[PDB]
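Engineer: Below are the structure tokens for one structure; questions will follow.
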Amino acid sequence: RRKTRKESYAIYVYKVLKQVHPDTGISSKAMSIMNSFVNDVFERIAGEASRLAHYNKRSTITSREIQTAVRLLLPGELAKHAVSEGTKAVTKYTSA
Amino acid sequence: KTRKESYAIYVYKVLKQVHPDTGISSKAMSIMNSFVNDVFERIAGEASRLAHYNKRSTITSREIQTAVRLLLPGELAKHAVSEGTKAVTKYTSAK
Amino acid sequence: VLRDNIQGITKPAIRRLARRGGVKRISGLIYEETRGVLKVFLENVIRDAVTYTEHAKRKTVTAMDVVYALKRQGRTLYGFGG
Amino acid sequence: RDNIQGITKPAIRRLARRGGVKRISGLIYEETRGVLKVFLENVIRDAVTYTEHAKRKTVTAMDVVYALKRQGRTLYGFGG
Amino acid sequence: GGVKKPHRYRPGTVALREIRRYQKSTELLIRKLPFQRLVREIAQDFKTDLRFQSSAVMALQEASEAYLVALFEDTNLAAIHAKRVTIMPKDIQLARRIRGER
Amino acid sequence: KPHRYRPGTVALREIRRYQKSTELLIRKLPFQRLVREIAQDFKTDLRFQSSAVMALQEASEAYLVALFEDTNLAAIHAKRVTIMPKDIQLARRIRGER
Amino acid sequence: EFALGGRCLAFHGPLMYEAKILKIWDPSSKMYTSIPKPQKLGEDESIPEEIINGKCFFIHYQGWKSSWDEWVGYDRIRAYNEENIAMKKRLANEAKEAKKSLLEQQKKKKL
Amino acid sequence: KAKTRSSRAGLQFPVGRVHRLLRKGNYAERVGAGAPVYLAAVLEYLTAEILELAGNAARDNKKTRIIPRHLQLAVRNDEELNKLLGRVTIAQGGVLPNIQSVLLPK
Amino acid sequence: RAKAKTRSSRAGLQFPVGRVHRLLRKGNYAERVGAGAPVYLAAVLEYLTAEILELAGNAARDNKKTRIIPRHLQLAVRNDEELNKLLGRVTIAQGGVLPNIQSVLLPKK
DNA sequence: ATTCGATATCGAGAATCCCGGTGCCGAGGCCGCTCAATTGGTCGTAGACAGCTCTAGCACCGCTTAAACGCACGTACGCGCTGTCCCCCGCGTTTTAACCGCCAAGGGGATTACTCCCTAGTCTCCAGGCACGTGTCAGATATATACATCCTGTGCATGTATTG
DNA sequence: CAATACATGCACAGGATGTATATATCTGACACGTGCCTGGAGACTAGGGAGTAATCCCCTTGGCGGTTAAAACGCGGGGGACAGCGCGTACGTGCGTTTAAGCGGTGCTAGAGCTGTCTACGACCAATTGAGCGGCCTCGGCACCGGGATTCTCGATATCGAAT
């Protein structure tokens, strides 16, 4: 038969690699490392987001509690840069 | 709302079931309430996981039997599985 | 603005905390760098607590948010709500 | 059985040399095998419990990293 | 002739006596006001003019004592590790190293 | 007289060798036989995927190299270079699994 | 002279010690004045009869606890003045010479 | 006449609120009937053991009311709770009365 | 019906916003998820991947390599202390360790 | 001035680095499918906001006494050093099973299909849990003895060093 | 060579001393009575997730032959581990002094908390399509190999500092 789809971020990781390094290759095992990475950190931040929304008695995931949480997990260097481009991405998303 | 919801009288009654002569401190009682809330969160979170984790989507007795043998250390486990199984047996017998 | 209270963790109090731990004899330069240890632990705890605080549009740090943040970092506390 | 002694003395030396240890006592090896094996029944007990949850009686690497995820240590590149 | 001499104990008897005294105690061993000053001065550069519940600051108090005393038994073990009874700054550096927050 | 290094120089050389390397330092079939015999008591007639025992291999070597770094720190603590077991029972005790 | 709460130097064996005067006793009135007011001796309070006919002072030794507090007469008490301080230094030197003789006899005992 | 689910299950812990905490507490969109029953059962079991050990501690400390010092002795004397809740610090517990042997006088 | 434009290109991102929104919904975190939440989530995932990939690229470059190996990833994540608390309790397969020697283990003169 | 130890250098050995060479199989791009993202419209409803209340948190102040600080004497550990022993590194030979690889077989993981048991959802009812009030005894506080117990002297059991 | 006093090491008396124990007392948090209201329970329906039959295939298991890198055993020896000792100093302990924490009282307010509105906004469902994933196929980065250079190591002879 034709097998079911397995969820992976491989093509996006490849193209952001090309954005940061247009000539650098990638191996498959390292790419699976990266997929496990993005799944793990996404689960961490999404669990923190869902909790911190529940914890103040709120039933809606928004951008505010996840900028709060990204700042919770990611440390300073991984923080102000992340929150800054996140807000400009959100504003350019709502602008369009 | 103004109503605040906690396991006060329930832990009091199981205490009287164990020791029908012993008092309890209120901050000790908050220790008990936060403790049962925390272990409830751990057991429910892992049960929701291992229900998701085999592509299931409903919460029944089998996975929480699995998770109570899994989380709690062994000694507490087999007895917890025994009492939970006889409890659900009583529940289905009484419908 | 309050300033220069870091010495407020007094020398006998650091001793008393040690003597609950069961140690006998205390080195002399323990006190100031253990005050620094309290400083780093309290700063990351209070960072998580004030982050939880300002998410709730709040200007008051709640004990709820304190035990919340302790649940986050692996140093959780009991007796103040779940 | 005998396979607990299959974790040989040069192998434990290799682990120490990756661990940056210069000199190793002779009594390291057997109780290090004990530490290894107790870590093993903890992890594989969690992994097998995941395994007969799935109505399964062969184990997967996915269940292994899943048991690690429970025990706290996270492994990458083995799925999940 | 016979000159007096006080009732000073050997160094260590008073030690172990207050060890048994304090390992049965349950109260707080830091004074509330200085540690509250610590909490209020640390929560300045994060944000100004905070308010703290009286239960919140004492939760910080007792949590910090729990962390410090738990650091102190394995500090004692690290001091005994080098066949010593004096603890040293290296002991707690190693403790925080092996916990994984260094 | 044949050339012989002093005790420790070869040891540091293959510190460097096993630290720049990434391959897996336990013989695969003895570890597989270990995993089978230690899974035997939990369930009889249990089958293991090859990637599963690879995952146990990688996790075990990571656990032991971390524990042995901790061992080297607690050994260099007591004015020493050689480790003893008592080093690693303290290393496990302070990490909270004894 | 002697005042309530003032410094004094007193005998104690062969040596001089500084003390606080907490009570002043008058033998004629069978009474003493104290510091936080005349009053008589209490139920558990007594003065040795060797000095109770002379003017007594209840004194507290500095650097030593309240178990060492005691009644002393003019024989055992002197005012805190430079003559008494100087002979206190002299008797401290005598105690130092006694300790040095102790060291000499123990080092000859070792040999 | 309406009977509670706990008396159906023979428990003192309530099936109703723990079912509601499963539902609005946002763990799964669907939950069966027997899961809160089993959940309340295991909560009763663990609560009974910790309270019975606390009662033993209170008897040994000859106090007729539970104090968190008794709770701390209950959780720390039992080694199984010591890796169930050795991760956990509790309020007003103190520590175990332990002295290392080298610190004892000779 | 207008031309179908991806949400990632609408927000100037490369991780799929619709896919991570589907993972938020089907991953059972709540019954309701806001619109900009997967956008921001995708963006912070982009940021983390951007730093870890450029560090892996530097790890490949000083090793005179052009393909990323898990050893490059391990060196990249262990060389940065902030990623080191992020990934400290995490283990990397075929990663090895940092080459480090404590001081007294060196030979003396 | 003489001898000796630490260091200083030369040279041999040896493990690894770097340069070609050669073959190899994962990897990146092309192609085809297919199904979840996207558009669009609606509909319920959840949170933002305004507003009112009231509670405990902040600030001050005034008396306390427990503690903080400081200092002085002492003694017991920390550590620097040395001697000695024994235990583990290093190297060689022998063994042995790890690994490749090759094939046979079959066991269950995964997928499809069906049919049905249970559960979300809704409405109605009712009683159990919680906010509130009180009275009341378990335990805190204080005070006076009892007793472990700590320290030290001093007094006797035993090694022993000197002497007759 | 024996004794005996002396020195060194247990046994015990005794005084401080701090802590456990007995008793009064009060007091305030524990527990028990009440009202209620909202959330759990009773009943019925939809429908859909899940249990069970089939199947196939692929991926795991078992075994058999060769080869070899690695394991095991052993000899030696040199480097640590560990015991002992001495000296200094660094807190240990204790007493006196300051002081600031701690309790009670007081007020005030800012900010937490509850209620109403309603409008933005996400949930849900039909179309559809373009991205994303399964398969295939070449190729070049890379794995393996071999030879010269480089760096490191280690041990045998000159040379300066140190003691006598």
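Labels used: A, B, ... for chains in the order of the structure tokens, numbers from 1 for residues in each chain, and numbers from 1 for ligands as shown.
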Find the residues in chain H near chain C: any atom within 9 Å counts, using only C-alpha atoms. Write them as a ChimeraX atom specification.

Structural biologist: /H:87-92,94-95,97-100,103

Engineer: Taking only C-alpha atoms (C1' of nucleotides) into account, what are the residues of chain A at most 10 Å from chain K, put as a ChimeraX atom specification?

Structural biologist: /A:2-8,11,25,60

Engineer: Considering only C-alpha atoms, extract the chain I residues located within 6 Å of chain D and return them as an mmCIF file with N, CA, C and O atoms, in the first residue's frame.

Structural biologist:
data_model
loop_
_atom_site.group_PDB
_atom_site.id
_atom_site.type_symbol
_atom_site.label_atom_id
_atom_site.label_comp_id
_atom_site.auth_asym_id
_atom_site.auth_seq_id
_atom_site.Cartn_x
_atom_site.Cartn_y
_atom_site.Cartn_z
ATOM 1 N N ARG I 89 19.807 18.575 30.321
ATOM 2 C CA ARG I 89 19.348 17.286 30.799
ATOM 3 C C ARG I 89 18.978 16.409 29.583
ATOM 4 O O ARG I 89 18.695 15.215 29.701
ATOM 5 N N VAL I 90 19.101 16.991 28.390
ATOM 6 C CA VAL I 90 18.844 16.324 27.117
ATOM 7 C C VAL I 90 20.142 15.692 26.625
ATOM 8 O O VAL I 90 21.223 16.273 26.783
ATOM 9 N N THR I 91 20.041 14.501 26.036
ATOM 10 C CA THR I 91 21.179 13.782 25.478
ATOM 11 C C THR I 91 21.067 13.730 23.960
ATOM 12 O O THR I 91 19.968 13.563 23.421
ATOM 13 N N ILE I 92 22.200 13.867 23.278
ATOM 14 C CA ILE I 92 22.258 13.851 21.820
ATOM 15 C C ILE I 92 22.905 12.546 21.373
ATOM 16 O O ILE I 92 24.010 12.209 21.814
#

Engineer: Do you have, as JSON lines, the list of residues of chain H lying at most 10 Å from chain J, each with its nearest atom pair and that distance in Å to one decimal, counting only C-alpha atoms (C1' of nucleotides) and ordered by chain then number?

Structural biologist:
{"residue": "H:1", "atom": "CA", "partner": "J:126", "partner_atom": "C1'", "distance": 8.6}
{"residue": "H:2", "atom": "CA", "partner": "J:126", "partner_atom": "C1'", "distance": 8.0}
{"residue": "H:29", "atom": "CA", "partner": "J:120", "partner_atom": "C1'", "distance": 9.4}
{"residue": "H:30", "atom": "CA", "partner": "J:119", "partner_atom": "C1'", "distance": 7.8}
{"residue": "H:31", "atom": "CA", "partner": "J:119", "partner_atom": "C1'", "distance": 7.9}
{"residue": "H:32", "atom": "CA", "partner": "J:119", "partner_atom": "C1'", "distance": 6.8}
{"residue": "H:33", "atom": "CA", "partner": "J:119", "partner_atom": "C1'", "distance": 8.2}
{"residue": "H:63", "atom": "CA", "partner": "J:138", "partner_atom": "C1'", "distance": 8.7}
{"residue": "H:64", "atom": "CA", "partner": "J:138", "partner_atom": "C1'", "distance": 8.0}
{"residue": "H:65", "atom": "CA", "partner": "J:138", "partner_atom": "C1'", "distance": 7.8}

Engineer: Could you please write out, as a count of residues only, every residue of chain I that DSSP assigns to alpha helix (DSSP H)?

Structural biologist: 57

Engineer: When you look at segment 66-69 of chain H with a cut-off of 7 Å (counting only C-alpha atoms (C1' of nucleotides)), what residues show up, excluding the ones that are within fewer than 5 positions of it in the same chain? I need them as a PyMOL selection string.

Structural biologist: (chain B and resi 23-25+28) or (chain H and resi 54-55+58+91-94)

Engineer: Could you turn the residues from that selection into a file that holds C-alpha atoms, as a PDB file, in the first residue's frame?

Structural biologist:
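Result went into result-v9.pdb, see below:
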ATOM      1  CA  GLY B  23      -7.512  15.862  64.673  1.00  0.00           C
ATOM      2  CA  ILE B  24      -5.911  17.716  61.779  1.00  0.00           C
ATOM      3  CA  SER B  25      -4.206  21.082  61.368  1.00  0.00           C
ATOM      4  CA  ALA B  28      -1.483  20.416  57.364  1.00  0.00           C
TER       5      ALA B  28
ATOM      6  CA  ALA H  54       1.152  10.475  59.977  1.00  0.00           C
ATOM      7  CA  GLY H  55      -1.053   8.934  62.664  1.00  0.00           C
ATOM      8  CA  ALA H  58       1.556  11.427  65.996  1.00  0.00           C
ATOM      9  CA  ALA H  91       5.626  23.288  54.770  1.00  0.00           C
ATOM     10  CA  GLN H  92       7.035  23.366  58.332  1.00  0.00           C
ATOM     11  CA  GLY H  93       8.555  19.908  58.034  1.00  0.00           C
ATOM     12  CA  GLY H  94      12.103  20.218  59.231  1.00  0.00           C
TER      13      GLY H  94
END

Engineer: Might you pull out every residue within 12 Å of residue 39 of chain E, with only C-alpha atoms (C1' of nucleotides) counted and same-chain residues fewer than 4 positions away left off, and present them as a VMD selection string?

Structural biologist: (chain C and resid 2 to 3 5 to 6 8 to 9 38 to 47 49 to 50 61 66) or (chain E and resid 32 to 35 43 to 46 50 to 54 56 to 61 64)

Engineer: Write the residues you've just listed into a file as a PDB file, in the first residue's frame, and include C-alpha atoms for each of them.

Structural biologist:
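The result, stored in part-v6.pdb:
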ATOM      1  CA  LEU C   2      16.350  50.434  49.095  1.00  0.00           C
ATOM      2  CA  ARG C   3      20.044  49.620  48.759  1.00  0.00           C
ATOM      3  CA  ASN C   5      20.551  45.003  52.199  1.00  0.00           C
ATOM      4  CA  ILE C   6      22.408  42.000  50.711  1.00  0.00           C
ATOM      5  CA  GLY C   8      20.859  41.362  55.649  1.00  0.00           C
ATOM      6  CA  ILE C   9      21.235  37.598  55.503  1.00  0.00           C
ATOM      7  CA  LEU C  38      20.829  33.078  47.766  1.00  0.00           C
ATOM      8  CA  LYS C  39      21.072  36.072  45.432  1.00  0.00           C
ATOM      9  CA  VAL C  40      21.137  33.943  42.269  1.00  0.00           C
ATOM     10  CA  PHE C  41      18.444  31.524  43.487  1.00  0.00           C
ATOM     11  CA  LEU C  42      16.166  34.335  44.643  1.00  0.00           C
ATOM     12  CA  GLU C  43      16.700  36.293  41.426  1.00  0.00           C
ATOM     13  CA  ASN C  44      15.642  33.494  39.080  1.00  0.00           C
ATOM     14  CA  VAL C  45      12.742  32.553  41.393  1.00  0.00           C
ATOM     15  CA  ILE C  46      11.583  36.169  41.581  1.00  0.00           C
ATOM     16  CA  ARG C  47      11.986  36.500  37.793  1.00  0.00           C
ATOM     17  CA  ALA C  49       7.279  34.991  39.898  1.00  0.00           C
ATOM     18  CA  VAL C  50       7.189  38.524  38.459  1.00  0.00           C
ATOM     19  CA  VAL C  61       3.100  39.375  43.674  1.00  0.00           C
ATOM     20  CA  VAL C  66       5.406  31.922  44.041  1.00  0.00           C
TER      21      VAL C  66
ATOM     22  CA  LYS E  32      11.467  37.984  58.381  1.00  0.00           C
ATOM     23  CA  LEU E  33      12.350  41.662  57.893  1.00  0.00           C
ATOM     24  CA  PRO E  34      15.887  41.365  56.366  1.00  0.00           C
ATOM     25  CA  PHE E  35      14.846  38.633  53.944  1.00  0.00           C
ATOM     26  CA  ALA E  43      12.357  42.682  42.665  1.00  0.00           C
ATOM     27  CA  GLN E  44      13.457  46.180  41.627  1.00  0.00           C
ATOM     28  CA  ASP E  45      15.233  45.895  38.269  1.00  0.00           C
ATOM     29  CA  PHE E  46      12.640  43.359  37.099  1.00  0.00           C
ATOM     30  CA  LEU E  50       5.779  45.733  43.369  1.00  0.00           C
ATOM     31  CA  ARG E  51       3.623  44.588  46.244  1.00  0.00           C
ATOM     32  CA  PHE E  52       4.057  41.227  47.941  1.00  0.00           C
ATOM     33  CA  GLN E  53       1.609  39.241  50.022  1.00  0.00           C
ATOM     34  CA  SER E  54       2.650  38.568  53.606  1.00  0.00           C
ATOM     35  CA  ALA E  56       4.156  35.263  49.621  1.00  0.00           C
ATOM     36  CA  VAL E  57       7.302  36.569  51.299  1.00  0.00           C
ATOM     37  CA  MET E  58       7.155  33.859  53.984  1.00  0.00           C
ATOM     38  CA  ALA E  59       6.648  31.244  51.278  1.00  0.00           C
ATOM     39  CA  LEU E  60       9.914  32.565  49.808  1.00  0.00           C
ATOM     40  CA  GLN E  61      11.437  32.367  53.322  1.00  0.00           C
ATOM     41  CA  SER E  64      14.715  29.169  50.502  1.00  0.00           C
TER      42      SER E  64
END

Engineer: Kindly provide the residues of chain B that approach chain I to within 12 Å, each paired with its closest atom pair and their distance in Å to one decimal, based on only C-alpha atoms, listed by chain and increasing number, as a Markdown table.

Structural biologist:
| residue | atom | partner | partner_atom | distance |
| --- | --- | --- | --- | --- |
| B:45 | CA | I:29 | CA | 11.4 |
| B:48 | CA | I:28 | CA | 9.4 |
| B:49 | CA | I:27 | CA | 10.0 |
| B:51 | CA | I:28 | CA | 11.5 |
| B:52 | CA | I:27 | CA | 8.4 |
| B:53 | CA | I:27 | CA | 10.7 |
| B:55 | CA | I:27 | CA | 10.9 |
| B:56 | CA | I:27 | CA | 11.9 |
| B:57 | CA | I:28 | CA | 9.6 |
| B:58 | CA | I:28 | CA | 11.7 |

Engineer: Expressed in Å to a single decimal, how great is the separation between atom CA of residue 57 of chain C and atom CA of residue 86 of chain I?

Structural biologist: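 One can read the atom CA of residue 57 of chain C to atom CA of residue 86 of chain I distance as 27.8 Å.
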
Engineer: Find the residues of chain A in contact range of chain H, meaning any atom within 12 Å when counting only C-alpha atoms, and list them as a VMD selection string.

Structural biologist: chain A and resid 47 50 to 51 53 to 55 57 to 60

Engineer: Do me a favour and pick out the residues of chain A within 12 Å of chain C, using only C-alpha atoms, as a short mmCIF file (atom, residue, chain, number, x, y, z; two decimals) with C-alpha atoms, in the first residue's frame.

Structural biologist:
data_model
loop_
_atom_site.label_atom_id
_atom_site.label_comp_id
_atom_site.auth_asym_id
_atom_site.auth_seq_id
_atom_site.Cartn_x
_atom_site.Cartn_y
_atom_site.Cartn_z
CA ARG A 44 7.58 22.44 26.30
CA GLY A 47 2.52 23.00 27.65
CA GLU A 48 3.73 26.12 29.44
CA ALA A 49 1.37 28.22 27.32
CA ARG A 51 -0.84 25.85 31.70
CA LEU A 52 -0.19 29.57 32.12
CA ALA A 53 -3.47 30.28 30.33
CA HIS A 54 -5.28 27.86 32.66
CA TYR A 55 -3.40 29.06 35.75
CA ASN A 56 -4.88 32.57 35.67
CA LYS A 57 -8.35 31.08 34.88
CA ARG A 58 -8.28 31.84 31.15
CA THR A 62 -3.20 34.10 22.68
CA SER A 63 0.09 35.75 21.79
CA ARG A 64 0.51 37.43 25.18
CA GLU A 65 0.82 34.35 27.38
CA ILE A 66 3.09 32.65 24.85
CA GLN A 67 5.42 35.65 24.69
CA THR A 68 5.30 35.43 28.48
CA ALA A 69 6.18 31.74 28.35
CA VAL A 70 8.82 31.95 25.66
CA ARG A 71 10.41 34.44 28.00
CA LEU A 72 9.82 31.96 30.79
CA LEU A 73 11.80 29.17 29.14
CA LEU A 74 14.21 30.75 26.71
CA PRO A 75 16.74 32.80 28.67
CA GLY A 76 17.64 36.42 27.98
#

Engineer: Near residue 90 of chain J, counting only C-alpha atoms (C1' of nucleotides), which residues have an atom at most 8 Å away, once you skip same-chain residues fewer than 6 positions from it, shown as a PyMOL selection string?

Structural biologist: chain F and resi 4-5+7

Engineer: Can those selected residues be exported to a file as a PDB file, in the first residue's frame so that it contains N, CA, C and O atoms?

Structural biologist:
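selection.pdb was written with the following content:
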ATOM      1  N   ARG F   4      58.740   2.558  26.092  1.00  0.00           N
ATOM      2  CA  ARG F   4      57.565   2.423  26.941  1.00  0.00           C
ATOM      3  C   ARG F   4      57.190   3.786  27.497  1.00  0.00           C
ATOM      4  O   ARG F   4      58.035   4.478  28.075  1.00  0.00           O
ATOM      5  N   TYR F   5      55.930   4.170  27.317  1.00  0.00           N
ATOM      6  CA  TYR F   5      55.455   5.435  27.854  1.00  0.00           C
ATOM      7  C   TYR F   5      55.270   5.333  29.362  1.00  0.00           C
ATOM      8  O   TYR F   5      55.054   4.246  29.904  1.00  0.00           O
ATOM      9  N   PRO F   7      53.212   5.658  32.824  1.00  0.00           N
ATOM     10  CA  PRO F   7      51.789   5.398  33.090  1.00  0.00           C
ATOM     11  C   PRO F   7      50.953   6.665  33.158  1.00  0.00           C
ATOM     12  O   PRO F   7      51.141   7.502  34.046  1.00  0.00           O
TER      13      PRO F   7
END

Engineer: Just the residues within 12 Å of residue 48 of chain D, please, counting only C-alpha atoms (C1' of nucleotides), with nothing from its chain fewer than 3 positions along; format it as a PyMOL selection string.

Structural biologist: (chain B and resi 66+69-70) or (chain D and resi 40-45+51-67) or (chain F and resi 35+38-44+46-48+52)

Engineer: Save out the residues we just selected, C-alpha atoms, as a PDB file, in the first residue's frame.

Structural biologist:
ATOM      1  CA  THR B  66      -1.234   1.283  33.554  1.00  0.00           C
ATOM      2  CA  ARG B  69       1.415   0.895  38.193  1.00  0.00           C
ATOM      3  CA  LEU B  70       3.829   3.125  36.242  1.00  0.00           C
TER       4      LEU B  70
ATOM      5  CA  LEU D  40      18.320  -0.533  33.044  1.00  0.00           C
ATOM      6  CA  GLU D  41      15.421  -2.105  34.944  1.00  0.00           C
ATOM      7  CA  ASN D  42      14.080   1.369  35.745  1.00  0.00           C
ATOM      8  CA  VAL D  43      14.122   2.491  32.102  1.00  0.00           C
ATOM      9  CA  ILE D  44      13.028  -0.773  30.523  1.00  0.00           C
ATOM     10  CA  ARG D  45      10.304  -1.212  33.140  1.00  0.00           C
ATOM     11  CA  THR D  51       4.635  -1.469  25.503  1.00  0.00           C
ATOM     12  CA  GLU D  52       1.790  -3.550  26.948  1.00  0.00           C
ATOM     13  CA  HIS D  53      -0.301  -0.417  27.137  1.00  0.00           C
ATOM     14  CA  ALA D  54      -0.288  -0.384  23.328  1.00  0.00           C
ATOM     15  CA  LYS D  55      -1.675  -3.966  23.179  1.00  0.00           C
ATOM     16  CA  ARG D  56       1.882  -4.645  22.011  1.00  0.00           C
ATOM     17  CA  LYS D  57       4.412  -7.241  23.050  1.00  0.00           C
ATOM     18  CA  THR D  58       7.370  -6.105  21.024  1.00  0.00           C
ATOM     19  CA  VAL D  59       9.072  -2.879  22.084  1.00  0.00           C
ATOM     20  CA  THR D  60      10.016   0.126  19.958  1.00  0.00           C
ATOM     21  CA  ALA D  61      12.784   2.711  20.122  1.00  0.00           C
ATOM     22  CA  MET D  62       9.938   5.210  20.277  1.00  0.00           C
ATOM     23  CA  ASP D  63       8.813   3.609  23.549  1.00  0.00           C
ATOM     24  CA  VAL D  64      12.428   3.735  24.761  1.00  0.00           C
ATOM     25  CA  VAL D  65      12.821   7.489  24.245  1.00  0.00           C
ATOM     26  CA  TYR D  66       9.299   7.786  25.663  1.00  0.00           C
ATOM     27  CA  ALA D  67      10.409   6.076  28.890  1.00  0.00           C
TER      28      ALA D  67
ATOM     29  CA  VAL F  35      18.982  -6.085  27.678  1.00  0.00           C
ATOM     30  CA  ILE F  38      17.098  -7.946  32.161  1.00  0.00           C
ATOM     31  CA  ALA F  39      13.845  -7.692  30.218  1.00  0.00           C
ATOM     32  CA  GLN F  40      13.319 -11.435  30.703  1.00  0.00           C
ATOM     33  CA  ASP F  41      12.058 -11.053  34.286  1.00  0.00           C
ATOM     34  CA  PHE F  42       9.427  -8.428  33.393  1.00  0.00           C
ATOM     35  CA  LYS F  43       7.968 -10.369  30.461  1.00  0.00           C
ATOM     36  CA  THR F  44       8.804 -13.688  28.844  1.00  0.00           C
ATOM     37  CA  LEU F  46       9.581 -10.214  24.508  1.00  0.00           C
ATOM     38  CA  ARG F  47      10.933  -8.947  21.197  1.00  0.00           C
ATOM     39  CA  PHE F  48      13.170  -5.919  20.734  1.00  0.00           C
ATOM     40  CA  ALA F  52      15.377   0.085  20.514  1.00  0.00           C
TER      41      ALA F  52
END

Engineer: Determine which residues of chain I sit within 12 Å of chain H, taking into account only C-alpha atoms, and present them as a PyMOL selection string.

Structural biologist: chain I and resi 25-32

Engineer: Could you give me, as a ChimeraX atom specification, the residues within 12 Å of segment 26-31 of chain F, counting only C-alpha atoms (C1' of nucleotides) and dropping anything in the same chain fewer than 3 positions from it?

Structural biologist: /D:1-15,33,36-37,40 /F:23,34-38,50-62,64 /J:97-99 /K:69-71

Engineer: Go ahead and save the picked residues with C-alpha atoms (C1' of nucleotides), as a short mmCIF file (atom, residue, chain, number, x, y, z; two decimals), in the first residue's frame.

Structural biologist:
data_model
loop_
_atom_site.label_atom_id
_atom_site.label_comp_id
_atom_site.auth_asym_id
_atom_site.auth_seq_id
_atom_site.Cartn_x
_atom_site.Cartn_y
_atom_site.Cartn_z
CA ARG D 1 23.00 -14.44 33.97
CA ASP D 2 26.51 -14.12 32.51
CA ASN D 3 25.66 -11.15 30.29
CA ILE D 4 25.85 -8.72 33.21
CA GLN D 5 29.56 -9.58 33.15
CA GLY D 6 29.38 -9.02 29.39
CA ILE D 7 29.86 -5.32 30.12
CA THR D 8 33.57 -5.85 30.18
CA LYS D 9 36.34 -4.15 32.11
CA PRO D 10 37.94 -2.46 29.03
CA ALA D 11 34.46 -1.21 28.07
CA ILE D 12 34.01 0.43 31.48
CA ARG D 13 37.52 1.81 31.02
CA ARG D 14 36.45 3.24 27.65
CA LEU D 15 33.45 4.88 29.33
CA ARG D 33 27.72 -2.84 36.51
CA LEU D 36 24.17 0.30 35.06
CA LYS D 37 21.77 -2.58 35.56
CA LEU D 40 18.32 -0.53 33.04
CA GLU F 23 31.11 5.91 18.17
CA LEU F 34 22.16 -7.84 28.80
CA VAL F 35 18.98 -6.09 27.68
CA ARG F 36 17.31 -9.40 26.84
CA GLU F 37 18.18 -11.01 30.18
CA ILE F 38 17.10 -7.95 32.16
CA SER F 50 17.22 -3.00 16.61
CA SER F 51 16.69 0.74 16.99
CA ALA F 52 15.38 0.08 20.51
CA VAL F 53 18.60 -1.54 21.71
CA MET F 54 20.49 1.22 19.89
CA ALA F 55 18.49 3.71 21.95
CA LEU F 56 19.29 1.83 25.18
CA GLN F 57 22.95 1.80 24.10
CA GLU F 58 23.07 5.56 23.49
CA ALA F 59 21.13 6.40 26.66
CA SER F 60 23.30 4.13 28.82
CA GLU F 61 26.58 5.51 27.46
CA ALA F 62 25.32 9.08 27.93
CA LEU F 64 27.60 6.71 32.37
"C1'" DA J 97 33.16 -14.00 20.19
"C1'" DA J 98 31.64 -9.52 17.51
"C1'" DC J 99 30.56 -8.50 13.24
"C1'" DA K 69 39.86 -6.39 17.04
"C1'" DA K 70 39.23 -6.81 21.42
"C1'" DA K 71 39.07 -9.24 25.92
#

Engineer: Using only C-alpha atoms, find the one residue out of C:37, C:14, C:25, C:67 that sits nearest to chain E.

Structural biologist: C:25

Engineer: Can you work out which residues from chain J touch chain C at a cut-off of 10 Å (counting only C-alpha atoms (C1' of nucleotides)) and hand them back as JSON, numbers by chain?

Structural biologist: {"J": [57, 67, 68, 69, 77]}

Engineer: To one decimal place, how far is atom CA of residue 69 of chain F from atom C1' of residue 83 of chain K in Å?

Structural biologist: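 Result for atom CA of residue 69 of chain F versus atom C1' of residue 83 of chain K: 29.1 Å, one decimal.
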
Engineer: Compute the set of chain F residues within 10 Å of chain I, using only C-alpha atoms, and express it as a ChimeraX atom specification.

Structural biologist: /F:8-9,12,15-24,54-55,57-59,61-63,65-66,69,72-73,76,79-81
